[PDB]
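**Student:** Attaching a single structure in structure tokens format; questions to follow.
All of this is worked out from the model, or read from it or from the source named; no laboratory read-out is quoted. So basically every Cβ, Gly included, is an ideal-geometry build from the backbone, and we count neighbours across all protein chains shown.
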Protein chains: 2
Amino acid sequence: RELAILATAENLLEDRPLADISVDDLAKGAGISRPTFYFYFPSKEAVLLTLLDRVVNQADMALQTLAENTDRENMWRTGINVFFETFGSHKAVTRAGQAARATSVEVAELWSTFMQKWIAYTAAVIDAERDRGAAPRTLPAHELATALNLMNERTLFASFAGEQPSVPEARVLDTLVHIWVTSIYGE
Amino acid sequence: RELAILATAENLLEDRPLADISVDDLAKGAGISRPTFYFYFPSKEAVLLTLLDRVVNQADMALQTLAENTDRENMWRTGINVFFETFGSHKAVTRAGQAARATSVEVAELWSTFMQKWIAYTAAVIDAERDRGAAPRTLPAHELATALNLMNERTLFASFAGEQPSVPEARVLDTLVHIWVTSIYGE
Ligand SMILES: CCOC(=O)Cc1nc(-c2ccc(S(=O)(=O)NCCC(F)(F)F)cc2)cs1
Ligand SMILES: CCOC(=O)Cc1nc(-c2ccc(S(=O)(=O)NCCC(F)(F)F)cc2)cs1
């Protein structure tokens with residue numbers, strides 16, 4: 001019944017904003033009453049927070065899998081691809097979750113916590129490439145990592161939402177990989 | 001009295017969100033009654049739209065000034081600096097204007113129109129560098145320009161807002177210039 005509420009919310013977010021989805025719709029979709037809804041979640045906003053938490057954690061576990069186990073361009077492409085495929089498979093939760101950063105402190109804090117982790121891991125790998133002599137000591141690794149991660153956040157999510165302007169979804173992986181590799185390996 | 005309403009709104013946006021500013025506050029600050037306010041603007045949202053329009057147009061005119069008139073790194077740094085200084089001098093209008101993109105179609109359309117223009121100008125200069133043989137033919141110019149402009153949007157505004165995470169404001173110009181120059185000139 002928890003999973004039924006989450007699946008219903010993800011289904012309805014594909015068709016309309018969270019503001020245009022009510023607890024009755026989630027309750028109905030999940031085959032339960034409204035007071036029964038309130039047993040699993042305090043609000044429709046808590047439903048989105050759980051969906052976002054699951055997508056973020058799936059991306060994070062996929063990146064951990066790569067980290068524990070090719071040329072440098074392919075290494076970066078495989079890592080960026082974790083976020084392209086994971087968020088790209090959950091576009092409605094991505095879109096609604098990003099919009100909720102403005103109005104929900106728990107969604108802002110969830111997004112902020114994982115961004116810090118992904119930036120720290122990006123910088124650790126750039127520093128390892130510098131240590132082994134494959135990357136030059138240009139910018140501070142952590143500052144370069146921050147700007148590249150913020151680029152990917154804005155550019156992936158604009159592509160997925162079909163924003164004007166955006167890189168077409170079929171060109172965004174190649175675009176971001178070029179900018180990562182040239183900025184990490186370039187003097 | 002129009003300029004008094006705009007100056008009052010920019011002053012109060014430095015201390016609190018647009019939601020926590022009422023027409024009475026703008027009216028009072030500007031030395032006029034509330035019905036007199038409604039003669040100049042239909043809403044506090046129209047006040048923000050005008051402030052944003054002025055900041056965007058000041059950036060756009062500053063970039064036109066450069067365009068009509070040094071090494072390649074300095075050329076890019078001077079252009080990025082137009083946005084760093086212009087938006088950096090109007091942080092409260094930047095922050096509130098970006099937040100209003102979610103709730104106001106005219107603010108979203110204003111932002112979208114100028115982003116398209118700045119991306120088209122970025123691509124035209126990359127193509128000119130390619131034509132003269134200074135930049136290699138890597139990514140499609142317009143796709144590279146889009147991702148670099150979206151990076152700058154996200155990274156500048158995160159820095160100005162002191163977001164977690166963000167590049168410190170005193171490091172963000174150098175950070176963005178490195179990524180622009182390596183990605184435009186790098187193979
Ligand atoms: C030996 C293993 O090394 C690797 O796999 C290569 C690596 N890739 C990453 C990495 C981190 C963040 C992004 S990201 O910038 O796309 N996500 C945040 C933004 C988003 F969440 F919104 F996408 C993309 C790639 C770190 S290390
Ligand atoms: C011969 C003259 O050539 C030049 O001056 C070098 C040039 N710079 C630009 C340029 C365009 C957009 C940004 S930007 O990406 O920072 N703004 C959008 C995002 C923002 F609005 F949010 F900042 C930064 C630089 C285009 S051509």
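**Student:** Go through (1) within 14 Å of ligand 1 (Cβ to nearest atom); (2) under 20 Å from B:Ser159 (Cα atoms) and name the single condition A:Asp127 misses.
**Tutor:** All conditions pass for A:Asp127, except number (2).
**Student:** Name the residues in the range A:156-172 that are of a type in the set (D, E, K, R) and either within 14 Å of B:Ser112 (Cα to Cα) or facing chain B (nearest Cβ under 10 Å) (or both), would you?
**Tutor:** Within the range A:156-172, A:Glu163, A:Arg171 qualify.
**Student:** Identify, from the list A:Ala147, A:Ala161, the residue that is surrounded by fewer than 16 Cβ atoms within 10 Å (Cβ to Cβ), under 16 Å from the mean Cα position of the chain (by Cα), aliphatic (A, V, I, L, M) and in the same structural domain as A:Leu52 (by CATH).
**Tutor:** One residue alone meets the criteria, A:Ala161.
**Student:** How many residues does the range A:57-89 hold that are over 19 Å from A:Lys117 (Cβ atoms) and either surrounded by 17 or more Cβ atoms within 10 Å (Cβ to Cβ) or β-branched (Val, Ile, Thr) (or both)? Let's see the steps before the verdict.
**Tutor:** The initial filter retains those residues of the range A:57-89 that are over 19 Å from A:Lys117 (Cβ atoms), namely A:70-74, A:77, A:88-89.
Next, from what is left, pick out any that are either surrounded by 17 or more Cβ atoms within 10 Å (Cβ to Cβ) or β-branched (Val, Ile, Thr) (or both): A:70, A:77.
Looking only at that region, the number is 2.
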